[PDB]
Structure formats: C-alpha cells, structure tokens
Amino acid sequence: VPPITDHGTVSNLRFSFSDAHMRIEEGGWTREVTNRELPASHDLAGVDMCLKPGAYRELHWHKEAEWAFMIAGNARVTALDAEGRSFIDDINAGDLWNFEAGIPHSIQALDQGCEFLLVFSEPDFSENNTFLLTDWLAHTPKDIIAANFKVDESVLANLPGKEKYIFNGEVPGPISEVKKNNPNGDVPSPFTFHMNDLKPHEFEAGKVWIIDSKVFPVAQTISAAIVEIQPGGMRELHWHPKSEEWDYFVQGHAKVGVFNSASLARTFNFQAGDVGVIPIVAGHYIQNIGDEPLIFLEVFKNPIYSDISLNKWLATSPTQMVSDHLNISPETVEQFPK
C-alpha cells in the first residue's frame, strides 16, 4: 500500500540484483544491473562481482570509468596509467578503488575471497563487453604478437584461443615480493581509497562518509557517499542540485520517497540487494524501517558531491516567507531544525 501522497506516473526506480542473470565461472560469479534492467538510470550502471580466494578478474580495460566499493573479503588490484607509471595495492571490505576511462587493471581475491560493487560511467555498460587480454591476443596474428614480444612463435603455442574472464589462481605473495620494477615509478596519487583514513560526518540518526575528488584525487568521474543510519532514523528530505543519484543498498531495509516535479511522487521499499535511482534534482528521503543499521551508497557521475537539505533551506529563509508558504505560525516555523 503506497502513501496517500503518491501521485502521477513515475518510472520504476528499484531493481534487485537477485533478479539479475548470474554468469557463473569457476572462481567466481558476476551479475549486473544496467539500463536494460532499469531504464530510469541515465548515468551509471552497477555490477556485483564475487571471486573465490586467489581467483583472477582477468586483465582488462574499458571505455567507461570504474568505481568500486569493497563489500566483503580482501583483494589485490594492479593497474597502469597513461604516463607509464604502475600501481599495485591490497584492500579490504569498505575500501574503494577507481580506474578512469581506458586505464587497464586487474583484480585478484586474496585469502578471504572477495565480493565488490563496481559502478560504470555509462548506463548501458556490460561486463561481457570488456576488453580482455586473452581475447585480444586470441584475435591477434601470432606473427604479429611474436614481433611485438620480440620472441619466436613457438613459445606462444599455448596462448589461450578463448577468454578466461574469471579464473582460478593461487593467492599471491606480499606486494614487496611480487612488485615489478618500473623506471617511471608509481602513479602520483593512488587508484585506491582506504576508508578508515576518512572520518564521517555524524548526524542525528547515523554517519555519512563523503568520497569525492577533494578526498580521492584520481576519482574525476564518479563520486559517492556511504550512509549508515540507525533504526528509527532517517536521511532527511533533500535533493542533489547537479546530478541524478544511483544507489546500492548494502544492508538493511528502507522506505524511499521520490518527488519529481509536477505533482509527481512515488514511494518504494528497498532492501540489501537493491539498486535504486533518484532522478536529477528530485526531492527524496530515505527512512530506516528495519531493526539493523541501514547502509547504502549514493553514487553520482560528478567529481564533486553536493546536496541541499530542506531544513537548511527553510532555516535560512525569512520566517514570514516560510510561514506564508506553509500556513503555519512563525513561532512554529522557528522550532524546525536548523
């Protein structure tokens, strides 16, 4: 039963990962929520990926930018930038990584295994359309690859003739034991973000970690806010002035209300496996309706996080004006949060 205040035609704004197709491979599985599942999304698409301990996410690159939140476990990522500088790191649950457009990279689960959420900067992304190393070489002439590698063709007899995508491997050693020497050195700012290094803005019902370009300098395309709200609390009525919002609910149960313009309003129930979308500058709230902390990510195709809270808007507006607006006494306006 929807609220008495819902009205008009608003698109579906919710899709569960459990309704997504499961590509299962030895060493892990993958599934995605794209604009082919949720057409209200115009900026971002999400992939939920899981790797068994030591399993590879095959070396690859793509036209889109990658933003990743570590759901569980631990993993190692490697990458190379456009100036020939290399990057290597290990991360645990709660951490992020970020590869801007066309930056090649790898992921390998460590002893714990891993599950992570990836966000891609085009709404029509697909994991089955990424540029894979083994696919690339499987479709390059062996004389050409031999000339490139400066070796003889016989050495390349056992190159795969078909991609691996996600495949099993052994847990690697320590970084200092595996890191390869590069005369260009490392990338000047990490492609990774370790989350204890940031402390969250605390509000009444919970906490918010804001990770944008001002916190994570390489993240020039996608930014996010990790929100944790205790039971009975609520993310207050607000909107984002610059961009559509793309949500992934990590844990808990929420009631989400969205008001587009023109008497348009809809309310949805979200839970821990769901992706949601808030249209651009649409006014919305997210209320905890479960007994455990509600954790989710607001993600945006925008290097800068920004939002606007209704309470703040009214607090800075002349009191007689808000009173004439809301048909409530100035005295009662004066007691709203500030």
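All residue numbers are counted from 1 along the displayed sequence.
- Of the two segments, 134-142 and 246-254, the one listed with the higher mean B-factor is 134-142 (C-alpha atoms only).
- When the two stretches 287-295 and 37-45 are set side by side, the higher mean Cα temperature factor goes to 287-295.
- For the set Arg235, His240, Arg266, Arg85, the PDB entry assigns the largest Cα B-factor to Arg85.
- Highest C-alpha temperature factor among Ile107, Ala219, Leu118, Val155 per the entry: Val155.
- Sort the modelled residues of the chain by CA B factor and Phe203 lands in the highest third.
- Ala79: CA B factor lies in the middle third for its chain, per the PDB record.
- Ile308 sits in the lowest third of its chain by CA B factor, as recorded in the PDB entry.
- Among all modelled residues in this chain, the alpha-carbon of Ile229 has a temperature factor (C-alpha) in the highest third.
- Residue-level temperature factors show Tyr56 in the middle third of its chain, judged at the C-alpha atom.
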